[PDB]
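Okay, here we've got a single chain as structure tokens, the form deposited in one PDB entry, with questions on binding and movement later.
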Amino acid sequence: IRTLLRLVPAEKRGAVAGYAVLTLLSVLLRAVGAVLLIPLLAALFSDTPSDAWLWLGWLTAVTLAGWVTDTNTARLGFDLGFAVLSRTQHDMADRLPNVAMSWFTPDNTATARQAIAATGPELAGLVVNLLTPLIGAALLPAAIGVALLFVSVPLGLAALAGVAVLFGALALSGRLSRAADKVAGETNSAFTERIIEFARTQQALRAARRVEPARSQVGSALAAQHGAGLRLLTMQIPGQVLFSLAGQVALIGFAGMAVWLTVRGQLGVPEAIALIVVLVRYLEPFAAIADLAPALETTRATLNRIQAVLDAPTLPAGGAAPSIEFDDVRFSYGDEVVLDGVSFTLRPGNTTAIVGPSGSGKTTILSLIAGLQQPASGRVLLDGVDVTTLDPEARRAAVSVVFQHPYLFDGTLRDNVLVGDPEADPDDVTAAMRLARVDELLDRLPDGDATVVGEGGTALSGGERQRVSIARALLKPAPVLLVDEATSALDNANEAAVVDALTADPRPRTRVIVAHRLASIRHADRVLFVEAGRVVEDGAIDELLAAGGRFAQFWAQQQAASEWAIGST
């Protein structure tokens, strides 16, 4: 897999080469140490036991050289593991801010969470706990086959021909094991799809006083499915048994060949026994690769997730009121269209309202204006300058926004407000508190704006969260302002804060609002009704109301709902 070589920094190319060369040295040294058993054990079992000392001397010198080069490889492995951990994490942290928000799907977000968080202990020890064993046990059988080739070319051929056979055996065992486990998990999941359906709706069934028929139905389905589920099991039989049989029939075949040559006279008894021992050392590395299959699989999954983070589509790159322009803009998650033929050119200093049902892309429009994403089609410009083609400083300092969620970062209230402009003076903070109605919360808080408002610090309700979110956008000196809110009647300070914010903000800048309620989008100079991602109406509030279009019917229905109450008509 080429990903692991991509993760390593350019600094440590002097450690990658010095790791690969020393790993090859350790592999060749292990192969020589295994092959040195031939004269050693030949002298051991023969009628000259003392002759084996010299080959024991060579073996122990070989072992100490292996100790030194293995220490070097493991030290460089740990050091390169820390280096690649730092490189991977910092590249992820430098990538994701530049990753377009389209990439952050729920599954992609989950994989990014795992990559940032769960891949800590792994990358600190991938190259030392996986690559060193794997590479040192994958190249040792072939290395011993090569080494025996210098003792007898037919013997080396006999050893090396089995390496391909046994690697094919390992591949077959892995396939037939993991596929069997996949099938087992699939069957277990499919059987339990009934119980999920029952459990989710069992309150609705109880309200319908029909729980017993549903339970009987699901039990009958379970019994019927299990009746066929307890027959015809074949797949897992050649699983681990397949490799456990391959790595024993190979041993018996090679030992039988050795003794066949012994009776044939080409070899002596000591040579036959020593060759049996070496042809057992030939087989032991295949066990280690089998034991590394789960760790290798998990590391392969984590490296795939890290490559997903490191391959997300990044956004390319290239103080009065600006003009924000839209030209045939479209956006879609998959094939589901969110925006369809949207075009506008809002003049500087204007105030506009983007309204419509939740199926439209109002927040999509605001995020595209703010430069959170590259639009799927069309062009979004700042006075003719495409948002993606700005310097990062200009792009970040171009637009101020109030999100649907509050997105409080668990800091203090002053910290929660000052992210709009940390360089601003306390007077601007006071103006933000006055307009956003958070001063009512300052009346409650002990320390005021310095009080911690974290999740464990203060249990702020939705109204306080949205008011401080409004203050965030108010504080920033961005030449463009946007607002999308989910204000309700739960806390009436929310709409008052919004009304004061979008009106009393003294700075000159383009403003946009997205909201559902009535009697507050009056202050917007223009209106852009959107249906299913396409603009259907345009004009002022009163203009559209007089026109008697979709906006008028929406106004009438929401007015009827607002005046409604419980207890009578």
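We number the residues from 1 along the sequence you see. Take the two forms, superpose them, and find the largest set of C-alpha atoms that agree within 1.5 Å; that set is the rigid core.
According to the record, no deposited residue between residue 97 and residue 98 is left without atomic coordinates.
Below: the form deposited in another entry, not depicted.
Once you line up the core between this form and the one not shown, the CA of 235 is the only one from 190, 235, 295, 277 that shifts by 2 Å or more. Superposition of the core reveals a Cα shift of less than 2 Å for residue 224 between this form and the one not shown.
When two forms of a protein are overlaid on their rigid core, residues whose CA moves 2 Å or more are considered shifted, and residue 488 is one of them between this form and the one not shown.
Between the C-alpha atoms of residue 488 and residue 408, a gap narrowed by no less than 3 Å is obtained in the other form, as opposed to the form on display.
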